[PDB]
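Protein sequence lines, in the order shown, are assigned to chains D, C and A. Quick note on numbering: the first sequence equals residues 1 to 214 in PDB author numbering. Quick note on numbering: the second sequence equals residues 215 to 445 in PDB author numbering. Quick note on numbering: the third sequence equals residues 27 to 256, 1002 to 1053, 1058 to 1161, 260 to 418 in PDB author numbering. Just so you know, even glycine gets a beta-carbon here, dropped at the ideal spot from N, CA and C. The next block holds one structure in the form of structure tokens; read it before the comments.
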Amino acid sequence: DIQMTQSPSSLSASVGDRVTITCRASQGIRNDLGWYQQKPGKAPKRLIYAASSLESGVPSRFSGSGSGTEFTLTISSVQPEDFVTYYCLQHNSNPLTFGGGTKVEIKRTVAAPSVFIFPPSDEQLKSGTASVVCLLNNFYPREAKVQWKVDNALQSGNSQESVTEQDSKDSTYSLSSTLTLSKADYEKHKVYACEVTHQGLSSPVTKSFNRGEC
Amino acid sequence: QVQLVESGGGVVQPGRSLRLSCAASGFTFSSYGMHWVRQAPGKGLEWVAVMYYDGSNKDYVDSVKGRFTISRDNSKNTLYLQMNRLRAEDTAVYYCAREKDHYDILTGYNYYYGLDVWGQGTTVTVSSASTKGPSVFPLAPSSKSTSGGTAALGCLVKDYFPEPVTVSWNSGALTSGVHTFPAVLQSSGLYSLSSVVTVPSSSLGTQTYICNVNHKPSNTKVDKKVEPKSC
Amino acid sequence: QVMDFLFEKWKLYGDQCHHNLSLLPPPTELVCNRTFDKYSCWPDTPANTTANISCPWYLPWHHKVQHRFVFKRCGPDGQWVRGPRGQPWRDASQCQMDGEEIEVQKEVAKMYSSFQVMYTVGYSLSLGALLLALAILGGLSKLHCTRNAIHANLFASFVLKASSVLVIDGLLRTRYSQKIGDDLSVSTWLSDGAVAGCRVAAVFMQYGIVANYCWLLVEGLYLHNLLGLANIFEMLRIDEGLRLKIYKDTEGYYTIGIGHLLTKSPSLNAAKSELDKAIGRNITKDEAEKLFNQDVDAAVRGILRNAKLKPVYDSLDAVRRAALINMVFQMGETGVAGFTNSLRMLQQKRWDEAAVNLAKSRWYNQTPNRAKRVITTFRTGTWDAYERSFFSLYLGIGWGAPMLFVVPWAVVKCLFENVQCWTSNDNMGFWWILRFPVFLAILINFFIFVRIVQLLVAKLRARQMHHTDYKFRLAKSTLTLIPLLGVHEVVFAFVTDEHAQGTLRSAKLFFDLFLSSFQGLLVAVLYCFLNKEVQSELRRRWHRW
Ligand SMILES: CS(=O)(=O)c1cccc(NC(=O)N(Cc2ccc(C(=O)Nc3nnn[nH]3)cc2)c2ccc(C3CCCCC3)cc2)c1
Ligand SMILES: *[C@@H]1O[C@H](CO)[C@@H](O[C@@H]2O[C@H](CO)[C@@H](O)[C@H](O)[C@H]2NC(C)=O)[C@H](O)[C@H]1NC(C)=O
Ligand SMILES: *[C@@H]1O[C@H](CO)[C@@H](O[C@@H]2O[C@H](CO)[C@@H](O)[C@H](O)[C@H]2NC(C)=O)[C@H](O)[C@H]1NC(C)=O
Ligand SMILES: *[C@@H]1O[C@H](CO)[C@@H](O[C@@H]2O[C@H](CO)[C@@H](O)[C@H](O)[C@H]2NC(C)=O)[C@H](O)[C@H]1NC(C)=O
Ligand SMILES: *[C@@H]1O[C@H](CO)[C@@H](O)[C@H](O)[C@H]1NC(C)=O
């Protein structure tokens, strides 16, 4: 099996920047490499083939280079349409293997999340479970950290996070961390806090409520 | 006009089976090798099988060997993937691609040009779960969901199957400040998401905020009203 | 084209295999299932073994590798061994060609195929023009003309050259080619029939290129000889010859110089009596022409004192006078004087009647060669018989001199370096063997070229001079080619080892070979098609219609 290591996984550029996704191979796959672009929700489209040979009707910003074991895709001037995911594929041996993929996100200044907390609705409690959500809103970069605290006690294994695609207007991300416990579990503990930690935050932001319906 | 249309995809249970189909038009199907590739929801591309015209030459990725089978009807310009003994891990979007090869008669050597043209994709989803409308709960705005002169509120679209749901605010009027998070599969096997909107704190009490969950798979349309908490 | 033939045989082997394989019984054991793996037919083979079958017959080189075998490993699993993409794998190292898949890029490939069409037409247009010109010259009322007979053999050399390149191209289009990726792959391998044919063609081509310059050397010697004056010296020189030491004759005398005699009794130191005198000091073209220049004036003096011979001499033009002087030189005043009826006819300007009368005598019997050239000189009144004497030499310095160099070069190539079609870049024998004679020819064509200009100023300053005269007209053709061809083939070979292939060298290649392709029409045009005399004969043949 030929392992394809794609570097980097995610990268941050601005329209104009030279971008270089590289993609290494664990054996000599010769010149049998091709670069695909996948747009969100759409089927991948092939850009470079035979390592360096540009496909028909692909802008000349894209260029391929490499041989044997080192392979490099290069956009000279990233436009708005290029901030998507890219894969190398090798077709030198079965099983055909891809690189892990490279997301090209649109760079911007650091912006701390504005944090928000929401207690579980009355009609949810009726049904026999309590979902508490914490909302980190309009931040950058994407890597943030939500630490649920209940009765000043760390929580683990019991919550789930979800993240938006990079916002097209302002290039920020938002994430939500939903803590779900049974009504029974939920009615035991008074205070529910949501500790957020992010690079635009010298000090962590904690939003908390303690079963006051307010 | 060179294009490939997949079909056959849909919701199926662990252990049961599915024959995906991939229908070539715009080219001489017989002369091209053909490939299936899957992409699981979060994850990246994964090659799964290939078949050449002969078709003595056939291959599969390890995780599907014996379990999956590829075939082609050259008369109907169709490629197939008989998937048996389905597991959760086969949940994926199944593209079909073609590869052009070339045999050198003078040497007996073969050359391979890779996957140039791909299908649109057909979603396959392996769950024991049954169709179910979402219960929609409010995420009520309060003192603990206001930063300065701005509130946030939302709707918890919970315990529905399968994807997707469309969420809308005020029947289309409000689309500024709105964030609909991608769904997350729970341990229960059902999906849950939240749509959230950021509005001016003053505008609470004045305007009404109603979220509009539509879940087509179960013929469900719910409109929850979002009422500010107070004490 | 050529691949399409192979495709049908390959396919046929394929059907022949599938039909062969159907009639065999099913296997009791676990084997690698029988298959046609696109290359050869393979029976059921037990696992852990390497099967064998002879090299498939569809291959263009089957006969050279029919004794050889292809192998195929049947793997432990019961399945045959596959390559990286699961394709059939085998060892047909033995069956492989004696050649190379030479990969040629899409844009370099399309370019050479475009620039090929340019040179293929240039030579064909030079072919039709040369073969028309030959049909114009040889078929027509210049049927026995000496001036055209040199042009005709030049044209034949350029027909040979042109013909040889068309054969070579036609054989190199045999080469097997296919689209591998964006590149076009072209096989070097050529069939034994195709190898032999193009080899011979290459010899003919190399023989033509030496023949061209050997026949353009003849075209230049022609004008140099033709335009010297021409004089009674050269006439009696060709009739007799130069010498410096004495030797005995039909009568047994001290004959020396050009038909002169030194003494009256058979003696050597008494022959010195006149040889010391006529120089007057203590044997050359600078010295011993003084003997010939007395003998002519003495012969001219004697003719004016002879009553039968003087009014014939008087009545004759300058060139026929030189023919009568010749006759006296051979025989004498008395002998010639007794051609009483032949003389009467020359005085009456009845040349064809004189000619038949002179041939009837026992002079034309005793010397049929000299009397024939002299009679012609009377017949026509030009120096044509003496220009014609040099022709049989010019055949063997046009045809045989190339054959002296190239045929042993063809023997050399055979025994040392035996490539399919010989256009090699080795430089061991395409410098010394084939390029030396073209250099040595051009060298002599340059020593002449200047000797023609000094010969043409002297002609044009004297009263032998007018501009519409055919002798000047013909120099407009010859004097252009020797500078055009002499530059083009030395600047080529001087700078033909400088670039490796190349991009600028292959750009140089096409600018030169496109000029070389039209080379055979340029010659056809300026000699045959632009000649006044020939243009008038077309206006006579076409106007009888
Ligand atoms: C300016 S001068 O008057 O003092 C003079 C001196 C020396 C030569 C020429 N001329 C010449 O160089 N030419 C034209 C030409 C004219 C007449 C005949 C011809 O009818 N010859 C013939 N008659 N019978 N048999 N042969 C042939 C040729 C000529 C010029 C150029 C070229 C090439 C230049 C490179 C491009 C290709 C043509 C060839 C010939 C005039
Ligand atoms: C190798 O050869 C055997 C026959 O010698 C193949 O057996 C086939 O088995 C299938 C299974 O039902 C039948 O449909 C066919 O009729 C059999 N082949 C015939 C009649 O030729 C065996 O399958 C072959 N190996 C592979 C991988 O196909
Ligand atoms: C395959 O060809 C070989 C010739 O290479 C045939 O003969 C065998 O040759 C090997 C060595 O090359 C000898 O050591 C064996 O003893 C030969 N075996 C014979 C004559 O039976 C061989 O028979 C061929 N295979 C078949 C099935 O015909
Ligand atoms: C060909 O030889 C190899 C090497 O001995 C065999 O590989 C062995 O296979 C047997 C079962 O047939 C196993 O018990 C061994 O563990 C294998 N050893 C290895 C892989 O080193 C192979 O099976 C042989 N082929 C046949 C058809 O028996
Ligand atoms: C196939 O049949 C032909 C007779 O038509 C025979 O010459 C040949 O040996 C057979 N076997 C193979 C392997 O082609």
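Point to revise | Near-chain A residues of the region 320-334 of chain C - C-beta to any C-beta below 8 Å | key: 320, 321, 322, 324, 325, 326 and 327
Point to revise | Residues in the region 264-295 of chain C having any Cβ partner in chain A nearer than 7 Å | key: 270, 271 and 273
**Study point:** Local conformation of residue 1022 of chain A per DSSP, three classes
**Key:** Within the third sequence, the letter at position 251 stands for residue 1022 of chain A. Residue state, collapsed to three classes: coil.
Check your understanding: chain D beta carbons: is any one of them nearer than 7 Å to that of residue 112 of chain A?
Key -> Translated into the one-based positions of the third sequence, residue 112 of chain A becomes position 86. Chain D contact via Cβ: present.
Review point. Would a check of beta-carbon distances place residue 317 of chain A closer than 7 Å to chain C?
Key: Sequence index remark: in the third sequence, residue 317 of chain A carries index 444 (1-based). So, not an interface residue.
Exercise for review: Count the other CB atoms, across all protein chains shown, that sit within 10 Å of the CB of residue 1144 of chain A; report buried if there are 16 or more and exposed otherwise.
Suggested key: The residue you call residue 1144 of chain A lines up with position 369 of the third sequence. Looking at its Cβ environment, which holds fewer than 16 other Cβ atoms inside 10 Å, residue 1144 of chain A is exposed.
Check your understanding: Name the chain A residues whose beta carbon is nearer than 9 Å to that of residue 25 of chain D?
Key -> In the first sequence, counting from the first residue as 1, residue 25 of chain D sits at position 25. Result: empty, since nearest Cβ-Cβ is about 13 Å, beyond 9 Å.
Check your understanding: Helix, strand or coil: which one does DSSP assign to residue 441 of chain C?
Key -> Along the second sequence, read from residue 1 onward, the residue named residue 441 of chain C stands at position 227. Residue state, collapsed to three classes: coil.
**Study point:** Sheet register partners of residue 352 of chain C (DSSP bridge)
**Key:** Reading the second sequence from its first residue, position 138 is the one you call residue 352 of chain C. In the DSSP output, where bridge partners are listed per residue, residue 352 of chain C has C/369.
Check your understanding: DSSP on residue 319 of chain A, reduced to helix/strand/coil?
Key -> Translated into positions along the third sequence, residue 319 of chain A becomes position 446. Helix.
Review point. Relative to the C-alpha of residue 292 of chain A, which residue among A/216, A/369 and A/1124 is closest?
Key: Residue mapping note: residue 292 of chain A aligns to position 419 of the third sequence, counting from 1. It is A/216.
Practice item. Just tell me which of D/153, D/111 and D/158 has its CA closest to the CA of residue 133 of chain D. Key: Your numbering for residue 133 of chain D matches position 133 in the first sequence. Residue D/158 is the option with its Cα nearest to residue 133 of chain D.
Practice item. Let me know the secondary structure DSSP gives residue 64 of chain A once reduced to three states. Key: Walking along the third sequence from the start, residue 64 of chain A turns up at place 38. Reduced to three states, the DSSP call for residue 64 of chain A is coil.
Review point. Helix, strand or coil: how does DSSP classify residue 200 of chain A here?
Key: Position 174 of the third sequence holds residue 200 of chain A. Coil.
Practice item. Could you pull the start and end residues of the alpha helix (DSSP H) that residue 1053 of chain A belongs to? Key: As a first step, residue 1053 of chain A is located in the third sequence; it is residue number 282 there, counting from the start. That residue, residue 1053 of chain A, is in no alpha helix (DSSP H); it is neither H nor E in DSSP.
Practice item. Please determine if the region 151-159 of chain A and the region 296-311 of chain C are in contact, where contact requires at least 3 C-beta pairs separated by less than 8 Å. Key: no
Point to revise | Contact test: residue 67 of chain A Cβ vs ligand 5 heavy atom, cutoff 6 Å | key: Locating residue 67 of chain A in the third sequence gives position 41, counting from the first residue. For ligand 5, at least one heavy atom lies less than 6 Å from the Cβ of residue 67 of chain A.
**Study point:** Beta-carbon proximity list for residue 1097 of chain A, same chain, < 7 Å, skipping 5 on both sides
**Key:** Taking the third sequence and counting its residues from 1, one reaches residue 1097 of chain A at position 322. 1003 and 1006, listed in sequence order.
Review point. Can you list the alpha helix (DSSP H) stretches of 4 or more residues lying completely in the region 280-328 of chain C, in chain order?
Key: none
**Study point:** Beta-carbon separation (whole angstroms), residue 207 of chain A vs residue 50 of chain D, contact threshold 8 Å
**Key:** The count along the third sequence starts at 1 and reaches residue 207 of chain A at position 181. The count along the first sequence starts at 1 and reaches residue 50 of chain D at position 50. Indeed they touch by this definition, with Cβ atoms about 7 Å apart.
**Study point:** Selection of the region 40-56 of chain D by Cβ proximity to chain A, strictly under 9 Å
**Key:** 50 and 53
Practice item. Below 8 Å between beta carbons is the criterion; list the residues of the region 112-130 of chain D that meet it against any residue of chain C, in chain order. Key: 114, 115, 116, 117, 118, 119, 120, 121, 123, 124 and 127
Exercise for review: Name the one or two DSSP bridge partners that residue 236 of chain C has.
Suggested key: Taking the first residue of the second sequence as 1, we reach residue 236 of chain C at position 22. BP columns for residue 236 of chain C point to C/220 and C/293.
Point to revise | According to DSSP, residues forming a beta bridge with residue 250 of chain A | key: Walking along the third sequence from the start, residue 250 of chain A turns up at place 224. According to DSSP, residue 250 of chain A bridges with nothing at all.
Exercise for review: Could you give the DSSP three-state label for residue 225 of chain A: helix, strand or coil?
Suggested key: In the third sequence, counting from the first residue as 1, residue 225 of chain A sits at position 199. In the structure shown, residue 225 of chain A sits in a helix (DSSP, three-state: H, G or I).
Review point. From C/376, C/288 and C/279, pick the residue whose C-alpha is nearest to that of residue 297 of chain C; which is it?
Key: Along the second sequence, one-based indexing puts residue 297 of chain C at 83. Checking every option, the nearest Cα to that of residue 297 of chain C belongs to C/279.
Point to revise | Contacts that residue 207 of chain D makes with chain C (C-beta to C-beta distance below 9 Å) | key: Position 207 of the first sequence holds residue 207 of chain D. In chain order: 358 and 359.
Point to revise | Distance between residue 432 of chain C and residue 381 of chain C (C-alpha atoms, nearest Å) | key: For the purposes of this step, residue 381 of chain C is identified with residue 167 of the second sequence, where counting begins at 1. For the purposes of this step, residue 432 of chain C is identified with residue 218 of the second sequence, where counting begins at 1. Each residue's alpha carbon lies about 15 Å from the other.
Review point. Can you name the start and end residues of the alpha helix (DSSP H) that residue 51 of chain A belongs to?
Key: As a first step, residue 51 of chain A must be located in the third sequence, where it is residue number 25. That residue, residue 51 of chain A, is in no alpha helix (DSSP H); it is neither H nor E in DSSP.
Check your understanding: So is residue 206 of chain A in contact with chain C if we call contact Cβ pairs under 7 Å?
Key -> Along the third sequence, one-based indexing puts residue 206 of chain A at 180. Yes, residue 206 of chain A lies at the interface with chain C (some Cβ there is under 7 Å from its Cβ).
Check your understanding: For residue 66 of chain D, which three-state DSSP category applies?
Key -> Within the first sequence, residue 66 of chain D is the residue found at index 66, counting from 1. Residue 66 of chain D falls in the strand class under three-state DSSP.
Exercise for review: Go ahead and pull the three-state DSSP assignment for residue 351 of chain A.
Suggested key: As a position in the third sequence, residue 351 of chain A is number 478, starting the count at 1. In this structure, residue 351 of chain A counts as helix in the three-state DSSP scheme.
Point to revise | Distance, residue 1099 of chain A Cα to residue 1118 of chain A Cα | key: Locating residue 1118 of chain A in the third sequence gives position 343, counting from the first residue. Locating residue 1099 of chain A in the third sequence gives position 324, counting from the first residue. Approximately 10 Å between the Cα atoms of the pair.
Check your understanding: Start and end of the beta strand (DSSP E) containing residue 382 of chain C?
Key -> Here residue 382 of chain C refers to the residue found at position 168 when the second sequence is read from its first residue. Unbroken beta strand (DSSP E) run through residue 382 of chain C: 380-383.
Exercise for review: Using only alpha-carbon positions, find the residue among A/1033, A/346, A/164 and A/1010 that is nearest to residue 403 of chain A.
Suggested key: As a first step, residue 403 of chain A is located in the third sequence; it is residue number 530 there, counting from the start. Of the candidates A/1033, A/346, A/164 and A/1010, the one whose C-alpha sits nearest the C-alpha of residue 403 of chain A is A/346.
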